[PDB]
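Residue-level structural notes
Each chain, letter by letter, is given below.
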Amino acid sequence: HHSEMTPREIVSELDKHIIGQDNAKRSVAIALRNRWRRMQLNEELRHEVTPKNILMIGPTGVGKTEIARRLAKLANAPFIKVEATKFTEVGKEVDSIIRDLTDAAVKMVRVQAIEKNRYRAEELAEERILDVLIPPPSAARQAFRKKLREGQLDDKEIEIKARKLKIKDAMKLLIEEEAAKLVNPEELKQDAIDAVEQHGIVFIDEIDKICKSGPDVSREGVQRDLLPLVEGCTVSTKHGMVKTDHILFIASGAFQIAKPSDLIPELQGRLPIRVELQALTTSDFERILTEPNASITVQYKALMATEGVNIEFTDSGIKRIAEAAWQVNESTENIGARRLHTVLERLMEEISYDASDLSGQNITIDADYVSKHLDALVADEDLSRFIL
Amino acid sequence: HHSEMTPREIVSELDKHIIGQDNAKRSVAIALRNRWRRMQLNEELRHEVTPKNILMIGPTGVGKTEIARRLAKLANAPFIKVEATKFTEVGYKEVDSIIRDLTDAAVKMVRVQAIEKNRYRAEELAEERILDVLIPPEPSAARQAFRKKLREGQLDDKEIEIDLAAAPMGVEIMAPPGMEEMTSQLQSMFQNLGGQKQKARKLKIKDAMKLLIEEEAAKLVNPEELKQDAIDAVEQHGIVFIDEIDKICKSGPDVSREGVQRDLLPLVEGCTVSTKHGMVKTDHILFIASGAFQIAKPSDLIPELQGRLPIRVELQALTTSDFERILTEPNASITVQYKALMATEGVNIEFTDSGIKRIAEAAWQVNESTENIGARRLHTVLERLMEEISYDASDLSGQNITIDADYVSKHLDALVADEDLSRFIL
Amino acid sequence: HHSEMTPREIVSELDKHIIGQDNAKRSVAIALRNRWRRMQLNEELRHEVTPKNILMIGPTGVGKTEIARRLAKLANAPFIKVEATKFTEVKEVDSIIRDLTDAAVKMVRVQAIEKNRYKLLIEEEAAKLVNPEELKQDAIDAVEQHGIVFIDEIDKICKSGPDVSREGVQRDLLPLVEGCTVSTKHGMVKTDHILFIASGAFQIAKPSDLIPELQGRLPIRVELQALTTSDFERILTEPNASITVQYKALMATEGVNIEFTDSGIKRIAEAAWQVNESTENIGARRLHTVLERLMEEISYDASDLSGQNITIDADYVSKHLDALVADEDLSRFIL
Amino acid sequence: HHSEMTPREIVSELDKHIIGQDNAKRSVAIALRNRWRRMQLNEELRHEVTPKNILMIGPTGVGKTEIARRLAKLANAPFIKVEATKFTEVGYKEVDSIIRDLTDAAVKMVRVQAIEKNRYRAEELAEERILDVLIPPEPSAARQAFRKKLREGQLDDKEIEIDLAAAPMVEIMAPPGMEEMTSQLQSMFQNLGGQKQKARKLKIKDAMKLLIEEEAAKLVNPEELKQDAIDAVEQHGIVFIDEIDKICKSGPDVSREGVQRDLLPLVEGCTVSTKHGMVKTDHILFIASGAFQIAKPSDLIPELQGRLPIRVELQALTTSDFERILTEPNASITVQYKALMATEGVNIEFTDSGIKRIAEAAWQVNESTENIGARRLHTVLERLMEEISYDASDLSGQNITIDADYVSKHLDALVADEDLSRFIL
Ligand SMILES: Nc1ncnc2c1ncn2[C@@H]1O[C@H](COP(=O)(O)OP(=O)(O)O)[C@@H](O)[C@H]1O
Ligand SMILES: Nc1ncnc2c1ncn2[C@@H]1O[C@H](COP(=O)(O)OP(=O)(O)O)[C@@H](O)[C@H]1O
Ligand SMILES: Nc1ncnc2c1ncn2[C@@H]1O[C@H](COP(=O)(O)OP(=O)(O)O)[C@@H](O)[C@H]1O
Ligand SMILES: Nc1ncnc2c1ncn2[C@@H]1O[C@H](COP(=O)(O)OP(=O)(O)O)[C@@H](O)[C@H]1O
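Conventions we followed
Residues numbered from 1 in each chain as written, not as in the entry; some residues may be left out. Chains lettered and ligands numbered in written order. Part of a larger assembly, values for the part shown. Heavy atoms only, no water. Residues with missing side-chain atoms left out of burial classes, pairs and counts. Helix = DSSP H or I, 4+ residues; strand = E, 2+ residues; numbered from the N terminus. Rg over C-alpha atoms; globule rule 2.2 N^0.38 Å. UniProt positions renumbered as here; feature names shortened; annotations may be inferred. Contact = heavy atoms within 4.5 Å. Polar contact = N/O pair within 3.5 Å; in protein donor to acceptor, adjacent residues only side chain to side chain. Near = heavy atom within 4 Å. Areas by Shrake-Rupley, 256 points an atom, 1.4 Å probe, with all protein chains shown as cover. Nonpolar A, V, L, I, M, F, W, Y, C, P; charged D, E, K, R; others polar. Buried area = accessible area lost by both parts, 1.4 Å probe. Salt bridge = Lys/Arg side-chain N within 4 Å of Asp/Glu carboxyl O. Axes fitted to C-alpha atoms, helices over the stretch in contact; angles between N-to-C directions. Parallel < 35°, antiparallel > 145°, perpendicular 65-115°, else oblique. Pairing = 2+ DSSP bridges. Buried < 20%, exposed > 50% of the residue type's maximum accessible area, 1.4 Å probe, protein only. Expected span 1.5 Å × (residues − 1).

**Focus on the overall build of chain A**
If you tally the helices and strands in chain A, you get 17 helices and 11 strands. For chain A, whose C-alpha radius of gyration is 27 Å, the value lies well above the compact-globule estimate of 21 Å for 388 residues. The dimensions of chain A, computed from C-alpha atoms along their principal axes, are 80 × 65 × 40 Å.

Structure below.
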């Protein structure tokens, strides 16, 4: 059901992925904790209590989206990201948010079912093999069970319409037959509805652009159409009837042009929690390259390891990589932490291409190797917009 | 099924939720009371007498919508709130959708009332079928043993194989956004025709119990009697609330603005609207409209609409004395909810009289310093005030936290004093 | 089948609801009587003879719509009212016949449920012998032969930029009056024999500003006089189930006997006449808002006033009204 | 089939309905005569020869549409009238809809022709199933006895229980564009539910007519009836496009000429899909009309001018023509008002001097304000007859004579005032 984690355990889990932005983490943790707190109340208070929506404020590239993505992934919750300006053009309907979110939940519950159906099909597949070895666990059945998993015993011929086969090729055929009987289409579609209603999470990006003569009537019309979603309503979908009352909504935006006070008063009352996010620094970039679990540099260490090349990133090399991304954002356009992705690939493109010929070597990326493939490019701002 | 409550008993019940706004409570009581007065007349007068619709006037956040919500909830009536500007575009949402979503809201209303009557019986037969798998076949011993262990025990995590019904079709249809409602109706037809059977599958008693209650409760209630009864709820008891009707009043946009009034005209004057649950007649449906009317006036409405809104009430703006009452008096007020939410973690929150008073002063000052959003400022102010407690409530378990006037001025006055920061955070 | 009533019998029944406007009652009586006259002709003349459509002219709130509603209710005919300006935006015009069919399906369905009730074995034969598709077929026969359509504010689509879009509504409405075949979910519907009644103020434009093809499809023209103070008094009392009789019976449910004096009925009408002259003239609709504001105190206290006789005089009217009617700024919001 | 009448026999028949406009009648007579002329040619010349489409020019109300209506009714051809401005919005209407409604008019036309032939076979099979209920089962005696008693006798008032078909089935919500589709889906569930007949008690009087309808559907093949209507549209189809002058030619000109480009594949010929099957528009005859006061036929796109070879100007009607329209045409408005008042028992008689002043009154209104053509005769007559039509119930058994004095009493007062003539007349 809903996870029992405390807000401190949720923020501690988010620190494995997002760097900094502790205030934003505490806001989503409190909202996720209220999901469990509402389950502990009586029947009257469960309907009266609605989720507390979060309005994030900050420049682009500070992690507003990754916090929401990891939260839904931490809460095992369906997630969708919608641009607020998509509805500005008009006839797309605003209800499409719930329609596409539901579709994401239907595929989610299917993959989670196949994951739980595989271990169940394999247990019953080898269980039917043990009936041929020892006709009816006692001893011999437990002996052939441990010898079938650990050993290469599968090469022996075993007759399992009865037909003779090899346990290696009979095991994969018995998994196909057992996995087809473990799926319930009715309970799968109903759980996808409960996933959207109870656990649903919706992230509305760049909601500041729809704030307030000609365009303002079109802008404030999106909020009036977004209003029944946050206040709760019924949306018809192909999969069934989806109620948005218990869905959590997380909005974000720059708010340089407008302010959250420019939103309609009915929407402000539906976005009670507000959190400002600080912009990232050069000291933060050095942290993002290494600290987060499966960071882009750790991934590249493992990717070249597939070819047999050991990549090592020195601190002086990581420092100039971070200094490179900061310089490009200042010289041209500030895209946030996304600059680290394009800068890392441009430096690593020569190693990634020749990695097949570098098998068996240890390549050390220092401050000098970084400045050779970068400083020439970072010096030209005209080249920095196309290449970086 | 019309409630016999007098106008004074209705206003007294509304006082349990809404604070003040006595004129608007007396308006909705008259409309609801006429529902019972009409049912006592002869056949000729029942059709000639039509509900008296209400046009509410007042600034935002004064409780216009909540009065309509509690009115329909008090009368056990289907209710829907629609924004008048939703139909300004006109290219598809249809104006008929107001009765459509009102019909579907009534079907769920009469369904939950049918589930509660069938609940204890469906749960009795659901667990009865579980006992047939545990002990294959007066109850003797083992059956009464597993029955008591199933209700009291957490043994539902065990694996049990029970036969259950399933729809073998499993077909998905691609549809453009307009056909999203229609294709779902086609999917229910193919499952209703061919498949009648039950297939043996392996489940867990925790998930198998909830799946058995749905199957047994469906057999107890008849769909033909329930679907036609919901239509009788929309025609007699239906209640519709049209928000921000002042924004559709009156060259370029005014033709599209007044077009919404023309489209809403057959609803209030009465007409026949087709729904998937049946044919619905809007003649006796009660309509309530609300608006600020700062830009326009009720005279700027089309003359055909003015006659269909005979009852007029303006609602007064809330004051600081009202904010102090809203924080406590109403049932399930925002402080009552937060008090119970922190109690989940084991923390006892207490709000002093002077603390509640300085919370209201903060919300009042923000509405004046920046933008007046009405009583909705109380949530943003309270959530900002309690965000430290709500995060630490896990570690504060077993402690009594008292919110005094000093605690309020510490976490708020700093923010309210700076107007530039007040707009972002509050 | 279809009831045969002389034009005087139609007007005499309309007098039980509408007050005055005798010129419009005589026009609608001719059209409904032609429904029975065409049934008595031969096969060749039935298709050649087309219904005579009516174009009504007059200010708002004079009873143009009530005359049409009571006419169809008297003939048990499907009725629909659509605003001509709804098609100014570039909804299809065929939706007029679609919503007319939907309203006729429920009409013949509710009327058929009563016939089946006229005890458990009789109801089991009612759910069997009655066919759901046969009711759909009976509705289509009611739309083609007896159908009545009312098009409000038709003068607003008269005639350079918007005039091409305004007159385009007339051109799209043309096949409906000339006759055509419109497809609906309930079946195929033919508009040849449907009666159409149009109305408008015609202060901005004139019927001559309509396209020439449309003028010939509206042979009957009638102007409705503006209601006066003497007419307002008659609307409060004379019509069957009048707004005052309704409010007299609603209070009677609580146990209170309400009586309206002749002096009060006169000043109630004078109050409504004063508001239409001071701010905006909404016609007889002003009586609805004025009555409710006068009776709002009695309607709320009717539970505690049970067993009492409350008499509404001219003094009680002047107490709850003259204060509000004198202030025009408040008259727009409250009245 | 294809009528063999000569151009002179066509025009002579059109004079029974339309008055004057001889140059236009000769144009439509040539186009209908070429339908028969092409039939007598060889296989190569039949396809190469295409119908000669007609463009009518003249003021409104001169009878352009009545010539097209009476022409198709004379040739027993499917006919449809469409306004050229209907497709200006082009939202969803597709121009292909002209052939769609034309096919539906042909299906109903050939269906009634199939009902008359199936009447004797259905009535034989309808009473055949009734005889199985009376005498349970060459005919021997009892079957031949009840057969002669059912046709000759009024014995149908007896209660007889016969089995008849019905379906248990549902409503579907759809946007206005799917209104035609959902009607087809509903018919498919009624056919799929089951094939059988439910037993119910009835009367032979009402059971015989209900048995004829069920048998008549089985006798006619839905593939033969549906495909025969396609042959009626391709060869005999006649389409009238009104006010084509309003789609002639910057901002509106792109949307106006866009209608001609969408109308172009219809006149040049193409394949249009209908619910009844595939229809080819190559040989369908098209007739266009317009006032052409604002624009000219040369303003049309060059590809459309080549597809409208026949050009005819229609003259404006005069006072002498209005006198003829009130009397000469079959089922004229004055004869129709004579029979309508006859239903109440009143005999109406129009004098020659009264008819003459009516025509002069209709001309004066067209001259004083706006000229709407012969349509003015409808409003002028109804205003004159409105007092008689209301009292027709109490005037039963009386003979009312409409003279020149009765015309000037109810009209000249109203016609003299031009401000009131616009509203009332
Ligand atoms: N605090 C952070 N820690 C780690 N990665 C981050 C952080 N902030 C941004 N990123 C990077 O930015 C990308 C996504 O940024 P996103 O959250 O979509 O920007 P925004 O906050 O403007 O929505 C991710 O690929 C991630 O690597
Ligand atoms: N008089 C009142 N008494 C209690 N709560 C109120 C009152 N007025 C407003 N509220 C609060 O404001 C919210 C309702 O605002 P709403 O009525 O929707 O705004 P509006 O009246 O502008 O439509 C509710 O959450 C309610 O708690
Ligand atoms: N002559 C009349 N007699 C009785 N009621 C009238 C009369 N004229 C107007 N009304 C009132 O006006 C309302 C309907 O007006 P309506 O006919 O819609 O206006 P319009 O004539 O502008 O269409 C009804 O509620 C009716 O009580
Ligand atoms: N020459 C005519 N003979 C008889 N009736 C006519 C004649 N011209 C017009 N009408 C009358 O006018 C109407 C037809 O006008 P129509 O042909 O549609 O106008 P247009 O010729 O401008 O398209 C019919 O009702 C018909 O009675």
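**Topic: the UniProt feature "binding site: ATP" (unreviewed entry) in chain A**
Residues and elements named next belong to chain A. Look at the UniProt record and you will see "binding site: ATP" (unreviewed entry) annotated at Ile19, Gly61, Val62, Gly63, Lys64, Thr65, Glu66, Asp205, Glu266 and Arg338. Ignoring sequence-local partners within four residues, the contact set of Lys64 consists of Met56, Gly58, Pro59, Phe203, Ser252, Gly253 and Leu277. A polar contact of 3.5 Å, which involves the side chain of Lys64, links it to the backbone oxygen of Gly58. Residue placement: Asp205 occurs in strand β5 (residues 201–205). Those residues within four positions of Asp205 in sequence are excluded, and the remaining contacts are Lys81, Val82, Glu83, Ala84 and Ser252.

**Focus on the site of ligand 1**
Residue and element names in this part refer to chain A. Close to ligand 1 lie 14 residues; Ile19, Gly61, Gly63, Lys64 and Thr65 are nearest. The backbone of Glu66 places a nitrogen or oxygen atom 3.1 Å from an oxygen atom of ligand 1. Separating an oxygen atom of ligand 1 from a side-chain N or O atom of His341 is a distance of 3.2 Å. Protein chains shield 86% of the accessible area of ligand 1, which is 560 Å² for the free molecule. Sorting elements by how many residues they give to the shell around ligand 1 places helix α4 (residues 64–74) first, with three residues. Here the residues of the shell around ligand 1 sort into five nonpolar, six polar and three charged.

**Describing the interface of chain A and chain B**
The parts lose accessible area when they come together, and the size of an interface is often stated as this lost area. Across the boundary between the two partners, chain A contributes 52 residues, which contact 58 residues of chain B. Buried surface at the junction of chain A and chain B, summed over both partners, amounts to about 5000 Å²; 51% is from carbon and sulfur atoms. On the chain A side of the contact with chain B, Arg37, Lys238 and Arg274 of chain A bury the most area, a combined 13% of that side's loss. For the pair chain A and chain B, the interface holds 11 salt bridges. Linking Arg8 of chain A and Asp392 of chain B is a salt bridge whose minimum nitrogen-to-oxygen distance equals 2.7 Å.

**A word on the packing of helix α2 (residues 22–39) of chain B against helix α13 (residues 286–301) of chain C**
Interaxial distance between α2 of chain B and α13 of chain C falls to 10 Å at its minimum, and their mutual angle equals 70°. Classed by the angle they form, the pair α2 of chain B and α13 of chain C counts as roughly perpendicular. Contacts between α2 of chain B and α13 of chain C involve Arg26, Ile30, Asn34 and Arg37 of chain B from the first element and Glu292, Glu296, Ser299, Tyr300 and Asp301 of chain C from the second. Residue composition of the contact of α2 of chain B with α13 of chain C, grouped by class: two nonpolar, two polar and five charged.

**Some remarks on the arrangement of the chains**
Taking C-alpha atoms as the reference, chain A and chain C come no closer than 14 Å and do not contact one another. Taking C-alpha atoms only, the smallest gap left between chain A and chain D, which are not in contact, amounts to 13 Å.

**Focus on the environment of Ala317 of chain B**
Mapped onto the elements of the fold, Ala317 of chain B is located in the loop between β9 (311–314) and α12 (320–326). If we skip the residues at most four places from it in the chain, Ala317 of chain B touches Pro59, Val62 and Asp322 of chain B.

**Brief notes about the UniProt feature "binding site: ATP" (unreviewed entry) in chain D**
Residues and elements named next belong to chain D. As recorded in UniProt, the sites labelled "binding site: ATP" (unreviewed entry) are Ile19, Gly61, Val62, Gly63, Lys64, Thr65, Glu66, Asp242, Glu303 and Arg375. Structurally, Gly63 can be placed in the loop between β1 (54–57) and α4 (64–75). For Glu303, the position within the fold is in helix α11 (residues 302–305). In contact with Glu303, not counting residues within four places along its chain, are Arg261, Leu264 and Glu268. Side chain to side chain, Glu303 and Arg261 meet in a polar contact 3.2 Å long.

**A word on the sheet that holds strand β2 (residues 79–83) of chain D**
Either a parallel or an antiparallel arrangement is found when strands of a sheet pair, and the pairing is made through backbone hydrogen bonds. Residue and element names in this part refer to chain D. Judged by pairing direction, the sheet is parallel, and its five strands sit side by side in the order β2-β5-β8-β1-β9 without closing on themselves. Whereas interior strands pair on both sides, the edge strands pair on one side only; in this sheet they are β2 and β9 (310–313). Averaged over neighbouring strand pairs, the angle between their axes works out to 20° when direction is ignored. Sheet topology note: the strand β5 (residues 238–242)/strand β8 (residues 285–290) ladder contains four bridges and is parallel. Within β8, the position partnered with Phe240 by the bridge is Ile287. Where helix α5 (residues 97–134) meets the sheet, it contacts β2 and β5, and its direction lies at approximately 150° from that of β2.

**Focus: the pairing of strand β6 (residues 271–274) of chain D**
All names here are of chain D. Side-chain alternation along β6 places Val272 and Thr274 on a buried face and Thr271 and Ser273 on a face that remains uncovered. When β6 meets strand β7 (residues 277–280), the two strands line up antiparallel, connected through four bridges. Following the sheet pairing, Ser273 is matched in β7 by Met278. Between the end of β6 and the start of β7, which pair antiparallel, lie two residues.

**Topic: the site of ligand 4**
Residues and elements named next belong to chain D. Ligand 4 sits among 16 residues. The nearest are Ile19, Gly61, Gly63, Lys64 and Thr65. Separating an oxygen atom of ligand 4 from a backbone N or O atom of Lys64 is a distance of 2.3 Å. Protein chains shield 86% of the accessible area of ligand 4, which is 560 Å² for the free molecule. In terms of residues, the shell around ligand 4 owes the most to one element, α4, which gives three residues. When grouped by side-chain class, the residues that make up the shell around ligand 4 number seven nonpolar, six polar and three charged.

**Overview of helix α9 (residues 222–236) of chain D**
The α-helix advances 3.6 residues per turn, and as a result positions three or four apart in sequence lie on the same side. All names here are of chain D. Between the first and last C-alpha of α9 there are 21 Å, a value that for 15 residues agrees with the 21 Å anticipated at 1.5 Å per step. For α9, the full list of buried residues reads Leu225, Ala229, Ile230, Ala232, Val233 and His236. Contacts from the buried residues of α9 go to α2 (22–39), α5, β5 and β7.

**Comments concerning unusual backbone geometry**
The backbone phi angle of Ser138 of chain A is positive, close to 60°, even though this residue is not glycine. Summarising the element assignment, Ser138 of chain A is placed in the loop between α5 (96–133) and α6 (140–150). What makes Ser138 of chain A exposed here is its relative accessible area of 62%. Although it is not a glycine, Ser140 of chain D sits at a positive phi angle of roughly 60°.

**Regarding the interface of chain D and chain C**
Each side of the interface is counted separately: chain D has 54 residues, and chain C has 51 residues. Together chain D and chain C conceal approximately 4700 Å² of surface at their shared face, both sides included; 52% is due to carbon and sulfur atoms. Area buried by chain D at its contact with chain C is led by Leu340, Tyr390 and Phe423 of chain D, which between them contribute 17% of it. Taken together, the links from chain D to chain C amount to eight salt bridges.

**Quick look at the side chain of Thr103 of chain B**
Residue and element names in this part refer to chain B. You can see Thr103 is positioned in helix α5 (residues 97–134). Separated by 2.7 Å, the side chain of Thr103 and the backbone oxygen of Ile99 make a polar contact. Setting aside anything within four residues of it in sequence, one finds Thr103 in contact with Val234, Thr275, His277 and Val280.

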